Structure formats: structure tokens, C-alpha cells
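Novice:
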Amino acid sequence: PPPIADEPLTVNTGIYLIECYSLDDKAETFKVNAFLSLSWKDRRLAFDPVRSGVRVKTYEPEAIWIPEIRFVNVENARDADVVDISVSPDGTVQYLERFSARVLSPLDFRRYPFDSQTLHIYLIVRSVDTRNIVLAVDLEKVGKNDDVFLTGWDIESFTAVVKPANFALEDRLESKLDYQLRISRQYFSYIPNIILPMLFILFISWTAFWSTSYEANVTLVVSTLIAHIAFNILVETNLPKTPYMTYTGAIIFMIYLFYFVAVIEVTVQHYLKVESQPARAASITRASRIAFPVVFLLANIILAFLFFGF
Amino acid sequence: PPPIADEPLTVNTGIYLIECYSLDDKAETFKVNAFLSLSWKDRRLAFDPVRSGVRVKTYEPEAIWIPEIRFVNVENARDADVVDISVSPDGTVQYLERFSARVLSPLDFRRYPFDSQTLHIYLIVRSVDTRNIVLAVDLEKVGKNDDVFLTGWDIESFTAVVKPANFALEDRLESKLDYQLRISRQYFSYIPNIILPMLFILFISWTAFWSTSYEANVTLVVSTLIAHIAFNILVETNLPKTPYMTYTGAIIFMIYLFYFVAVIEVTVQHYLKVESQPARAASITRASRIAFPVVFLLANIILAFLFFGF
Amino acid sequence: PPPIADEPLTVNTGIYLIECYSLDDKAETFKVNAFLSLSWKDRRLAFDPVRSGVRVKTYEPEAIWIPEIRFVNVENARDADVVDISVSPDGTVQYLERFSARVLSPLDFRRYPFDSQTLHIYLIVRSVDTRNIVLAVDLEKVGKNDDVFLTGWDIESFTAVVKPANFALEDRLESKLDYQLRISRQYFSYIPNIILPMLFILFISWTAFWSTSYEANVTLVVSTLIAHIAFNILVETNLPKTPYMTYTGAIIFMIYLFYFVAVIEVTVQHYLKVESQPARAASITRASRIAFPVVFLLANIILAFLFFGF
Amino acid sequence: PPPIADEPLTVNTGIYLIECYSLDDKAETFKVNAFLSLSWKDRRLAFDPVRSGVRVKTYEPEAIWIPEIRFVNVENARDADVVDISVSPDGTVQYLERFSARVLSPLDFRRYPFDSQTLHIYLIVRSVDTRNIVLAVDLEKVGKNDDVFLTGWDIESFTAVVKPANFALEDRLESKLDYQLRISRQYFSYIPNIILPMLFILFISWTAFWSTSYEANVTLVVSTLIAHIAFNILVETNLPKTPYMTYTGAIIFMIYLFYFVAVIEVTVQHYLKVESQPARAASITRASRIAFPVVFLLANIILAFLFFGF
Amino acid sequence: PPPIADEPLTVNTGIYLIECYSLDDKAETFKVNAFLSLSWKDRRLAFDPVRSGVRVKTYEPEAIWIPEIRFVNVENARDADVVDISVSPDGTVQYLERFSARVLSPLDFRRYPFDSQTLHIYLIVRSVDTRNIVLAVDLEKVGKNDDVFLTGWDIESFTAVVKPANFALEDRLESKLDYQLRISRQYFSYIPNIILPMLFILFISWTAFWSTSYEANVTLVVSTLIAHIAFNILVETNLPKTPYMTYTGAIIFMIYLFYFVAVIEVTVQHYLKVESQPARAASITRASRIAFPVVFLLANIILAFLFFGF
Ligand SMILES: [Zn+2]
Ligand SMILES: [Zn+2]
Ligand SMILES: [Zn+2]
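Residue numbers (PDB author numbering), protein chains in the order written: chain C, 7 to 316; chain B, 7 to 316; chain A, 7 to 316; chain E, 7 to 316; chain D, 7 to 316.
(1) Write down the C-beta distance between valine 89 of chain B and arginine 104 of chain B rounded to the nearest angstrom, noting that I regard them as a contact closer than 8 angstroms.
(2) Could you check which residue in A:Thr157, A:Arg132 and A:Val148 has the C-alpha nearest to that of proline 170 of chain A?
(3) Should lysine 32 of chain B be labelled buried (16 or more other beta-carbon atoms within 10 Å of its own) or exposed?
(4) Helix or strand or just coil, what does DSSP make of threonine 218 of chain C?
(5) Which residues are close to ligand 2, meaning CB closer than 6 angstroms to any heavy atom, in chain order?
(6) Quick one: does the C-beta of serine 58 of chain D sit closer than 7 angstroms to a heavy atom of ligand 3?
(7) Let me know if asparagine 244 of chain D comes out buried or exposed under the rule of 16 or more other beta-carbons within 10 Å of its beta-carbon.
(8) What are the boundary residues of the beta strand (DSSP E) that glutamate 25 of chain C is part of?
(9) Would you decide whether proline 67 of chain C is buried or exposed? Buried here means 16 or more other CB atoms lie within 10 Å of its CB.
(10) Please tell me whether, using a cut-off of 7 angstroms, the distance from the CB of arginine 61 of chain D to the nearest non-hydrogen atom of ligand 3 is below it.
(11) Check whether the region 276–292 of chain D touches the region 229–239 of chain C, counting contact only when three or more Cβ pairs, one atom from each stretch, lie closer than 8 angstroms.
(12) Report the residue ranges of all alpha helix (DSSP H) runs contained in full by the region 133–217 of chain C; include only those spanning at least 4 residues, in chain order.
(13) Taking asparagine 39 of chain E as the query, report the chain A residues whose CB atoms sit under 8 angstroms from its CB, ordered along the chain.
(14) Have a look at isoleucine 130 of chain E and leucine 183 of chain E and give me their C-alpha separation to the nearest angstrom.
(15) So, does the CB of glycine 255 of chain D fall closer than 8 angstroms to a CB anywhere in chain C?
(16) Would you call the region 10–27 of chain C and the region 134–151 of chain C touching, i.e. three or more CB-CB distances under 8 angstroms?
(17) With the cut-off set at 8 angstroms, would you say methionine 260 of chain C and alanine 214 of chain C are in Cβ contact?
(18) Going along the chain, which residues of its own chain have a beta-carbon closer than 6 angstroms to the beta-carbon of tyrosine 253 of chain A, five neighbours each way excluded?
(19) Compare the C-alpha of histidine 234 of chain B against each of B:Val272, B:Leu202, B:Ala288 and B:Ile70 and name the closest.
(20) With DSSP run on the structure shown, which of helix, strand or coil describes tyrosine 250 of chain D?
(21) Quick one: what's got a C-beta closer than 7 angstroms to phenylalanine 264 of chain B's C-beta in the same chain, skipping five residues either side?
(22) Within 7 angstroms: the Cβ of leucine 245 of chain B and any heavy atom of ligand 1?
(23) Does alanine 233 of chain A get closer than 8 angstroms to chain B when you measure Cβ to Cβ?
(24) Cα separation between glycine 59 of chain C and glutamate 25 of chain B?
(25) Taking all protein chains shown into account, decide if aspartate 48 of chain D is buried (16 or more other Cβ within 10 angstroms of its Cβ) or exposed.
(26) Is there a Cβ of chain E sitting closer than 8 angstroms to that of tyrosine 262 of chain A, yes or no?
(27) How is the alpha helix (DSSP H) around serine 122 of chain E delimited, first residue to last?
(28) Tell me where the alpha helix (DSSP H) around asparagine 306 of chain B begins and ends.
(29) Around the Cβ of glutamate 162 of chain C, are there at least 16 other Cβ atoms within 10 angstroms (buried) or fewer (exposed)?
(30) According to the Cβ coordinates, are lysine 247 of chain A and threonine 157 of chain E closer than 8 angstroms?
(31) Tell me the rounded alpha-carbon separation between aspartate 177 of chain D and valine 17 of chain D.
(32) Check whether the Cβ atoms of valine 38 of chain B and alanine 86 of chain B lie closer than 8 angstroms to each other.
(33) Which residues of the region 119–138 of chain E have a Cβ closer than 8 angstroms to any Cβ of chain D? Give them in chain order.
(34) By the 10 Å Cβ neighbour count, where 16 or more other Cβ atoms means buried, how is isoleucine 10 of chain D classified, buried or exposed?
(35) Taking its Cβ as the centre, do 16 or more other Cβ atoms sit within 10 Å of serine 219 of chain D, making it buried, or is it exposed?
(36) Which whole-angstrom value describes the C-beta separation of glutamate 242 of chain C and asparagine 199 of chain B, a residue pair presumed to lie in contact below a C-beta threshold of 8 angstroms?
Right, here's the structure in full:
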């Protein structure tokens, strides 16, 4: 029984994030539990303050006509249990629920460990004979407690795009709003646990420049290369199949090279020291000692700049 | 109370994919959330526009007779919540729901990382005394937003086979339609993370052709063969027990050989250098240096062609 | 309100497998989506064809008395949504649902990768004052499309045991039927990915018979033994804790031995070549070169026969 | 509307395990699907056999007063769907459901792989004005088919403690019963797959007593120690964070030592063979050859006894 | 229909933890199953003991007005099934449910393995026209059986903050209480399985001070550094991305250094023993033998103190 209007009836939305959790980098989803605040004039149940009852009148959902606010990017039906409904006398309805859905928003691992993100919640609303425009009431959208969690992420700001998007979808205009959650990652644990460890093994790799034993230079560079895959794999796991390149996928892959040419050198400093020409051997070996760290540190500046500095 | 007809009553279907996600290569399933649009003439509730009410009349599902449209390939009952029902005066009924099921469609990993796929959604409909033919209404089948996701897959086209398939099933004809989702994979992350790494280790393997130390030739070829299993295993994991052969299962397996005859060579260049005949040793070793990469690159041309080029 | 009979009322069952999927070797369960066809004479709603209505009369589930057909081996309540109900005039009722349950049937990994299986679905039915015998109507049991999936399994036949099993269970006889799904595995992917790889490493292991370097004979046999665990572990994972012995658990375990006595030999061809008695060393080493492959190939014939040939 | 009594009304319980599965060693839970049989005299619906109807009268749950039997140790609300309700004329009610809950019972990994366990199901019942004692009716508790599964566990006996426990809980006595499921593990797969493999690597470790090459004695003892962690880690995984000590956590940890003093010896048999005193070297090395296996086999007798023999 | 009051109606709460389980260090959540006890004077259904019925009168939830007690930090709607409702004659209502929700409380891994924690449960309550203050009734808050589980955690105390927090939230004051669960970890399994094993490998690392073979000093220090990553990784896994530093993240990271300067030394005791100056070599090497263990044991006193002793 939709409220007999004279024009597109506007419905007034808001979202108070009570809880944030389970942001899943692989699945590109997160889980939110929040308030959903709605309101609209249904003059059709305006009601004589003095003549009866009190200031505001409470209803159950079945009584009143309520607009179907479906979320757009959601695994399943959003799990909202209802909070209160209060009709003003001007037939203005005050609705409040408290849902929990898991939300499908995409992420940009281009700067993987040092990445900031922007999440989205949607809310469409399909029309019947009266159109529905949705729109944001900002006193009920300050939604986000002084408690919101989201492990391993610093939470920057919860806002929304005042102007809705009115589509036509199947001979019935719908109206969709954009609620925005901005977060930066707490890169850090990414250092003592990945970044540094990964580097260390790489240095020991090329300990093999100040050595001459092949057996202990392969027992050297090879043994560490194994370890690097242990990281490449550790990392590749908590991360989806990007069709593009990650920052650390980059340096992690750039690394694979420095092990190759490293192994190349130790290898040459052999078919070039068994050929009686150690003139050249401890010439090259002596050189690599510099080339390598420089080319590297150079490539990181080159690489790093390429990603953040552009 | 099914609508009294004169012939097989046609029901008119459509599907607007709102969401695609969780394509599971191992399980050969995916998850879709979409609109389901139905329609049919139930002259039995035609209704005098002028004489009463308005243009189109809204019903709840319990009122009208609605045809049971079950999906054919689905884990469980399809999770449809209903959107709107609108009856035309000519007794023409307009139905819309918005379901989410997980769908069991098979995949062909014959060209694994470089494979394109074709998914299916079905919709049978069993008859009573009047027969039901289903059929596609293509204005409601353009279904697939400008947003459809499906991580790590490029989505090519969502169409449907206009002609239904009318079975006899248990002394009651059913009618089944075929909705078709065509996708190609985003092979790519499969390169810096699998394809290349896998190759690199293989090359270092046969660094041991320009070497003479057995200890460092086993510390060599053996240490890398281990790593190859690390990949063979990484890959075998995100992939089901194909009764046929994958492309990368192929090359991954072809590889195992090049490590064998590699180890064979290093082994021979020993019971053939301890037998005082290094005439032959650094003859063979000198040879392998060429045989190997060639036979390989040859075998990949041979292999590759065999899969894609046919 | 159960149908007033003169003897045990027979209910007539059938199952049309629409979908098969998610066979879980570890959990020993699978998931089926199929038709469930029932029928019985409830003379109590026989109905004068001419005198009223038509040939067959349609009912909703609440109207008629329907027999409770519970499945015996199921995680949870079977998820059946209903298809059609049609009463013949002789008071003969025609019932059809389309359930999806996950089914707990056990498997015999005695021939693991080369194993055929036999799955079960049950259907008991508890009596009240009239007994219920169930029984199979074979036109509705040809159930199994020309499409049934079940990844990595060849599907052999879907039949059923005509004679039911009438128990006494708690002062009320129940009646249980046995629907039988026979499948053989698509062993194959088990070869390029497990069987062969596993063998190769074993051969390279004993490359160390044509070698004399201990360092490269341990860097040899040891480095490969690691790899074998990689497989032993890979395999032990997609497989439950059998109280009995698997075929490949067998050969996988028989293998562990050939690495031991292998390492034993390399070890002895050392405290027996450092003891100045290489008379014996390259006598043993020379021997092992034959003993090993033979004892093995012998043990596999012995082993293989023991499992399949008996 | 609870049955007007003269004393604490006794309710008579029973449980027929139809299915057992998903015992989770880490989570210390399992999943059961079983019958729940209840009964009590509600004289309030006694009913004149002759004067009307028949022997026993069937009700739906809404009609009769039924006692709330909540299970005590359960993740969520127990998922019971109802089977039959039959009232005797003496107003004696016969209730049957068939629930499936996942149950939280603790385990004692003190003898980990060789451990027998005892599981628990509870059933409290809170009173109103008449008290409720629960109690067991043992013809309906023989519950446990000739089919109950529970992978990798031998099932010993399903009994129950006849005497309930009547608490006071919040100014209302509740009554709790204890249903007991006793199981021993199928240790076995724990041998070819953990126990033996683990030992083997340990022996090869100390192959390095009959050797003199440091490079091949570290390439020896070190290479195997790695493998041991591979097991320590494999094992630690399928097992929770015991605040106490496991049996295999013990021997697995005792092992770590024999690798240490092993490495110690090889290390000493070096700064004691580079110090020109091989008088002592192949004296110690010669000794270790015995000390080690003995101390070990001794420590296992010591250890093993400590756990099982006490 | 809320109870007509003269002032802010106080609602009286309590929680009897029946079950604790699934505390998830990564996710920072846990799962509780407990009683929720409420009460308030609704003089509006006070009721003449003598004049009718009995001492206390039982209602179903639909009859009475009940206050919406939502939990503040919860993944989803709290899964409460209801226990009993009893109205006193003074119109005092006695409510009891038994919910199970999973609860989102944060943890402080600053002293990781040796960390005590404090969990929280909340309960807000939004007002209408009469305000609601919540408050704690301590006879129903002794909640926590003599059975509460929580694997790998010693449970210290379940209390609550008597004074509620009355917010203004969206032109309606809500009232929130704080239920407090204090737990310390059962660090211990953290020793035979992490702490010790991790130390051992570190000592063997620097076995390479009493050695001179580079090949066996890299086959030494390098082979163990690999193992250390095996732990660094094992540990980093059961632990979230702390924006701060863990205690063991500390020592685990401090360790990485002692392997570096260790490898540095072995490396120098080479380009300083190939330079004919073993004057210095077995001077340094002789020194490290002390420096290392001391600096370490010193740094742990330094480190340890820094964390616990402050
Ligand atoms: Zn259109
Ligand atoms: Zn060596
Ligand atoms: Zn009283």
C-alpha cells in the first residue's frame, strides 16, 4: 500500500557502523554490523496530536508501508533485525534497523602492503508508480563508533555521496546511494615478518662473492633461494590473482633475478677459475661485490618510485 | 489453481546478473546473485481498467497462481526473495524476484591457465494438465550489469538458447532453458608467480653442465628438483582431479624429465670421469649444453602446438 | 489423518538424480540434488471423475495426508521444496519433490587411487497404527540425467534394492530402502602429478650408486628423501585416517625403505672405503645397482598383486 | 500451560545416535545427529479410550505442553525437527524428535596419538512452579546404530548417568543429565605417516658418527633436523594449545636434543681433529655410536613409561 | 506498548556464561553461549494474587512488552532462544533467554605468548518516550559455570561495571553496560614447540665459531637460518597484523641479527684466513665465541625487561 504522493517521494537514509570486521584480502569482502536509518512522509497516517494518543506513535512493520531498501553488493540477503518505528504527526515516519551483511567491495593491491583502500555500501530502491529517490540524512550517517575495529587497518573516514544515482532498470527506475569507508593498511608487521627477513636471506646469498668454494657457494646461494620461495609463497597466499602487478610482487620478483645472476657469477667464477685465469675471476667476483648491491638499491629506487612516486 | 488454457501455456523468462563471485575451480561451481523475470497470460484475472482500480494491479504471491521455476544445476534450493508482481488487464502477469544460488557448472582445464569457459544456468518447469513451455524474453535477459565482478576472470557474454528443451520426465513433460555465461581466465598472475619462477629453477638445474663438481652438481640439480615439486604441488592444489590432461600438467610433467636426464648426465659425467675417459665426459657435458635447451624448446613447441594449435 | 487401510499400506518411491557433486574423500560424504517420487492409495479422497472437476485433482501438502519419508544417512534435514501433487480418482496419490541433502556414505580406500565405490541413500518410514512398507517404482528410479557430474569420478550405475528392510524400532516398525550409486575413480591425474613424480625422485636417489662422493651422495639421497615426504604428505592430506592400509599408502611407505637401505649403502661404501677395502666397496656399490631396482620392481609385483590380484 | 502436578514431575529422556561425524581435535567439538525421546504424565489430557477415538492420540507440538529441553554444551541452538507425538490414555505423553547439534566436549591429548576419549551431551531443564527432574529411560538410550561412523575413531560405548544433577540456577532449579560417548583413537596411520618417518630421519642424522667429513656431517645432521621440524610442525597443527604436555610432543621434543648433542659431537670431532688429537676424536665418535641410540631407547622407555605406565 | 512510567524505567540485567569457546587470536573474536537475565516493573500487568490464578504468572514474549536489548560488539544478530517469563504481582517481570553470539573483543599481543587479556560484552538499549537505564543484578551475573572451557586460556574472573554509560545516539538516549571477561594465556605449549626449538637452532648456528671449514660453516649457519624462518612464519601465522610490536616478534626479529653477524664472522674468518693473517682469524673467531652468547643473553634481559618489567 505505497504512500499516495504528488511527486517522486524521497526516502531519507543513514548508516551507523557499529562493528567492522573480517576484511578478507583474498575474497575482497568485509563484514559490517550497523544501524540503518530511514524516513519519509506518508501523510496517509498523519494523526491529530491532541485528538488522540501522544507526540509520536509506534508501529510494527506489518502495519505501515515501508520501502524496500536492498543493498547492492552483498553475498546474501542483509541480516537486519528491526529497532523502532515512530510516526510523526505530519505523517513523517521514523525507521531504524540494525543489520549485518558481508559486503563485496574490491581492493587495489597495486601498492600492496602500503595500500590505502576505499570500501562501498550501496542501497538501491526500485519504484512502483510513485518514483523513489533515496538521499542521505547526515545526522544519522555520522555512523562509525569511537570503537570501530577492523584489525590491521587504520580507519580514515565514513562519508556518503549525497547525490543518488537514478537508473532505469527494467521499466522501473531505481535509486542507488554510495556509502564510503576509507581505510589505510597497518603495514608494519609486514616488516619484521616479511620485508626484513626477505632482505637478510638475499644478502647472505651474496656473501658468496667473498668466497671461492663452489660447494659452499651453491650450499650458499641455492640454500637461500629456497628460502625466498618460502616467502614468495607465504605472500602469494594472502593475496588474490591480481591481473595487474603488486608492489611487493614486483620487488619479490625483482629479487628472483639477483639470485640468478648471483648463481651465474659463482658459476662463472668457476669455469673461469678452473680455466687457469683467476686473473679474471677475483676480478669479476671483486666487482660483483659492488655491482649487485648498487643495481639493487638502484632498482628499488627505480621500482619504488615507479609505484608510489607516480 | 493453474490458469485454464486452450494450449501449452508459455511462460516468459529472463535473468539479470547483478553479482558474480566465488568461482571455485576445484569444486566447479560459482555463485550468482541476479533478477529472475517471469510472465504469462492468466486471462483468469483480467480486469476492467476503467470499471475499477488502475492501469496495473499488484498482488502478493499467495493470491496468484505462479509457475514453479526450479533451477536444474544447483547445490540447494535457490535463495530467491521476491521483488514485485504486476498484472496487466489482459490478464498478463509480471513477476520479478532476485535470487542467489550457487551454481554447478563444469570446467575444461585442458588449456588450464589459458582456458576460456562456458557456464550454465537452467530452469526446468514441470507440467500438470496444461503443459508449460518456458521461453526467453530478451529485454529482461540483457542481464549482467556494467559491474559484474568474477575475480581473475574476464567476462565475455551472457546470452541464452531461445529454443527450450521439452523432456518427458515421469509422465509429465518439463521444459528447460539454457542461460550461458562465457568467460576467459586472467592468466597472467600465473606468470611472475608460477610460469617464470618454474622455468628459472629449471635453468639453474642445468647450470651443472658447465660444472664438474659432482657434490655441487647434485647440490645443484637435486636442490632445484625439490623446488619444482614445490610448484607441481602448489598448482595441483588449485585444480581438480581431471581424468584428462591439463596443459600445465603437461609441461609441469615434461619438466620432471629434464631433471632426470639432467641428473643422469651429471651422474655419467662421473662414472665416466672416474673411469679415466674425460675424452667423453667434457664431450657429453659439452653436448648436453645444447641438447637440453633445444629438446625442451622443441618439446614446448611440440607440446604447446598439440594443445592450442589443434 | 493417515489413510484407513485393511493391511500394511505400501508407499511407492523413486529418485531422479538431477545433480551430483562435492564428493569429499576425507569427510566421506557427497551432495545430491534429485527428485523424490512417492505414491499410495488413499481411497479416502477418491473422487467421481464425471460427477465433478477433471481427470486428476491437484492438492497442497497441508490438505492430504502424506507419509513422512526421512533419509537415513544425512547430516541434516534433507532440503526438499515440493513439485506437484496429483490425486487419481481411485484415491491414488501422486507426489513429487526435489530435495538436496548431503549424504553420509563411507568409502574403501583400500585400492585408493584405483578404487571403485558404492554410495547409498536410504529413506526410512515409521508406522503408526497402519504399517508402512515402502517399495521402488522403477519408472521413477531411472533417476540420473544424461548430465550427472561428480568431478573426477566415472559414474557406473544408479539402481535400488527392491525388497525393503522392515525393522522394529521402538515399538513401531519402520521400512527402509537402499538406493545405490556405483562409481569408479578417474585415477589418472594421479599419475603425472603423483605417481610418476614420486618415482623419478626415487631413481635419482639411487643415482648415488654410480657415485663415490659421500657429500654428493648425501646431498643426493637425502635431498630426494625430503621430496618424498613432500608427496607422502600431499597424499596423506586428501585422505582420511584409514584404520586399514591404502594401496598407495603401501607403496608410499615401501618407498621409505629403499631410501633407508640406499642411505645405508652410501654410508657403508664409506666406512668401507675409508677402511682401505674398496675391494668390497665398488663390489657392493656395483651390486646395489641391480639389487635395488629388482627388489623394488619385485616388491611392486608382490605388492600390487596383493591388493588388486586378490 | 504446564501440567498440574502434586510433586516434581519427572521427564523421561533418551538419545539414539543415528550419526556421528566431524570430531575436530583442534576445536574440541563433534557433530551428532540423533533421536531425542521424551515422556511425562500430563494427566490433564487423559482420554477415555472407549468413549472416543483410538488407543493413542496424536498431537502437534502447539497443542500439548512440552518441556523445554535445552542441551548444555552446544555452539548454537540444537537443530531438531520433530518426529511424532503420541498421548497414552493415562495422560502419558510420548515425544520424539531428531536433532543435529555440534557438541562442545573437551579432550585429553596427554597420550595424544594413543588416547582414548570420553565425550558428553547434557540436557538441562529449568523449572517454573512445579519442579522438573529429568531422568533416563534406557530402552530409548541404547542409541547408537550398528552404523555410527566417526572416522579414525573406534567407538567403545554410549551410556548415561541415571542420577541427574539438580542445581539451583537463578531462583529456579534446573535438572541436568550426562550422556556419555566413549571412544579410543585409531592410532595407526600415525605410524607409516608420522612415527616411523620421524625416526628414520633421526637415524640418518647420526649416520654422521661413522663419518669424518664435516661438510657431509653437517650436510647430514643439519639437513635432517630441518625434516624433523617438518614433522614437529605437521603434528603441532592438528592439535590445540595444550597447557599440558602431549606424549608425542614429548618425544618430538626429546628428539630435538639428540640432534643438538649430535651436531655437538660432529662439531667437537672437528675442533678436536684439527687440534692434532684424533686420539680422542675417533674415540668420542666411536663412543657416540653407542651412547646415542642407548640414551634414546632408554629415554623412550623412561618417557613412554612416564605417560602410559603411570 | 512500553510500560507507562513516572521516570527513567530501570531494566535489570545479568549474564551466566554457560559456554566459552573458539577464541580466535587472528580474528580477535570469541564465541559465548550464556543466560541473559532481565527484569523491570511493568505495574501495568500487576495482578491480584488471591483474586485469581497463582503466585507468579507465565507469559509468552508476544503478550508482554519486552525491552530490546541488543549486544553492541557482535558479528550478527545474537542467537537467543527464550527460557521462561514470570510476572510478579507488583507487575515485576522476570525474563530469561539463552543466547549464543560470537563477540568482537580486541586483544593486546604486546606480551604475546605471555599475555593476559580482558574481553567485553555490551548490551545497549535505545529509548522511546520513557528513558531506559539498564543496570546489573549481581545474583544473575555470577555467570560462568564451574565448567567454562576456553582452550589454552586460564580464565580469571567474570564481573561487570555497575554504572552504565548513557549516550545520546540520534535524538534518543541509549544505555550501555560493560560485562568483563578476564583471561591469561596458557603459554607453555609455546616452549617445547616454539621457544626452545627456536633457541636450539640458534646455538647450532654458532657452532660455526669452533669450526674453520667455510663450506660447513655455511652449510651450518645458513641451513639453520632457513629453519628460523620456518618458525618466524609458523608464529606470524597465528597472529594478526599488529600495528605495534609483539614480544616474540621482538626476540624472533632480534634473532635474525645474530645469524647475520654470525654469517658475517664466518665470512670474515675467511677473507681474513685467505689473506695470510690467521693471527686475527682465530682471534676474532675465538672472541665471537663469547661476544655472541653474551650480547644475546644481555639483549634478552634488555628486551625482556623492556616489555614485562615496564
Ligand atoms: Zn524493457
Ligand atoms: Zn663439499
Ligand atoms: Zn509474588
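The C-beta atom is built at its ideal place from N, Cα and C for all residues, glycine as well.
Specialist: So, from the data block:
(1) Locating residue 89 of chain B in the second sequence gives position 83, where the first residue counts as 1. Locating residue 104 of chain B in the second sequence gives position 98, where the first residue counts as 1. About 5 angstroms; that satisfies the 8 angstroms criterion.
(2) Residue 170 of chain A sits at position 164 when you count from the first residue of the third sequence. Taking only the C-alpha atoms, the option nearest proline 170 of chain A is A:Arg132.
(3) Taking the first residue of the second sequence as 1, we reach residue 32 of chain B at position 26. Its Cβ having fewer than 16 others within 10 Å, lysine 32 of chain B is exposed.
(4) Within the first sequence, residue 218 of chain C is the residue found at index 212, counting from 1. Coil, per DSSP.
(5) C:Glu221, B:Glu221, A:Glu221, E:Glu221 and D:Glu221
(6) Counted from its first residue, the fifth sequence places residue 58 of chain D at position 52. No, Cβ of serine 58 of chain D sits at least 7 angstroms from all heavy atoms of ligand 3.
(7) Here the question's residue 244 of chain D lines up with position 238 in the fifth sequence. With fewer than 16 Cβ atoms within 10 Å of its Cβ, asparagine 244 of chain D is classed as exposed.
(8) Here the question's residue 25 of chain C lines up with position 19 in the first sequence. It spans 15–30 - the beta strand (DSSP E) in which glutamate 25 of chain C sits, taken as one unbroken run.
(9) Start at 1 with the first residue of the first sequence, and residue 67 of chain C comes out as number 61. Exposed, by the Cβ-count rule.
(10) Taking the fifth sequence and counting its residues from 1, the one referred to as residue 61 of chain D is at position 55. Flag set: Cβ of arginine 61 of chain D near ligand 3.
(11) no
(12) 202–211
(13) Stepping through the fourth sequence from its first residue, residue 39 of chain E is reached at position 33. In chain order: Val80, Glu81 and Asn82.
(14) On the fourth sequence, residue 130 of chain E is found 124 positions in, with the first residue counted as 1. On the fourth sequence, residue 183 of chain E is found 177 positions in, with the first residue counted as 1. The straight-line gap from Cα to Cα measures roughly 7 angstroms.
(15) Residue 255 of chain D sits at position 249 when you count from the first residue of the fifth sequence. Taking Cβ atoms only, chain C reaches closer than 8 angstroms to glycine 255 of chain D, which makes this a yes.
(16) yes
(17) Numbered from 1 along the first sequence, position 254 holds the residue referred to as residue 260 of chain C. Numbered from 1 along the first sequence, position 208 holds the residue referred to as residue 214 of chain C. Contact: no.
(18) Taking the third sequence and counting its residues from 1, the one referred to as residue 253 of chain A is at position 247. Here the set comprises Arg117, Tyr118 and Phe313.
(19) For the purposes of this step, residue 234 of chain B is identified with residue 228 of the second sequence, where counting begins at 1. Selected option, being the one with the closest Cα: B:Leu202.
(20) For the purposes of this step, residue 250 of chain D is identified with residue 244 of the fifth sequence, where counting begins at 1. Coil, per DSSP.
(21) Translated into positions along the second sequence, residue 264 of chain B becomes position 258. Contacts found: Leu208, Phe298 and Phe302.
(22) For the purposes of this step, residue 245 of chain B is taken as the residue at position 239 of the second sequence. Checking every heavy atom of ligand 1 against the Cβ of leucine 245 of chain B, none is found closer than 7 angstroms.
(23) For the purposes of this step, residue 233 of chain A is identified with residue 227 of the third sequence, where counting begins at 1. Answer yes: the Cβ-Cβ gap between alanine 233 of chain A and chain B drops below 8 angstroms somewhere.
(24) Translated into positions along the first sequence, residue 59 of chain C becomes position 53. Translated into positions along the second sequence, residue 25 of chain B becomes position 19. Computed Cα separation, rounded: 47 angstroms.
(25) Walking along the fifth sequence from the start, residue 48 of chain D turns up at place 42. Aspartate 48 of chain D should be labelled buried.
(26) Indexing the third sequence from 1 puts residue 262 of chain A at position 256. Yes, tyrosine 262 of chain A counts as interfacial toward chain E.
(27) On the fourth sequence, residue 122 of chain E is found 116 positions in, with the first residue counted as 1. Element bounds for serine 122 of chain E: not the alpha helix (DSSP H) but the beta strand (DSSP E), 122–127.
(28) Here residue 306 of chain B is taken as the residue at index 300 of the second sequence, counted from 1. That run of the alpha helix (DSSP H) goes 284–314.
(29) Along the first sequence, read from residue 1 onward, the residue named residue 162 of chain C stands at position 156. Exposed: under 16 other Cβ atoms inside 10 Å.
(30) One-based indexing of the third sequence puts residue 247 of chain A at position 241. One-based indexing of the fourth sequence puts residue 157 of chain E at position 151. A contact, by the Cβ cut-off of 8 angstroms.
(31) Here residue 177 of chain D is taken as the residue at index 171 of the fifth sequence, counted from 1. Here residue 17 of chain D is taken as the residue at index 11 of the fifth sequence, counted from 1. Straight-line Cα distance between these residues: approximately 20 angstroms.
(32) Along the second sequence, one-based indexing puts residue 38 of chain B at 32. Along the second sequence, one-based indexing puts residue 86 of chain B at 80. Result no, Cβ atoms of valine 38 of chain B and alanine 86 of chain B do not sit closer than 8 angstroms.
(33) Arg132, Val134 and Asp135
(34) On the fifth sequence, position 4 is the one that residue 10 of chain D refers to. The residue in question, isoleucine 10 of chain D, is exposed, as its Cβ has fewer than 16 Cβ neighbours within 10 Å.
(35) In the fifth sequence, residue 219 of chain D corresponds to position 213, counting from 1. Classification of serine 219 of chain D: buried, given that the 10 Å Cβ count is 16 or more.
(36) Start at 1 with the first residue of the first sequence, and residue 242 of chain C comes out as number 236. Start at 1 with the first residue of the second sequence, and residue 199 of chain B comes out as number 193. Contact holds; Cβ gap of about 6 angstroms.
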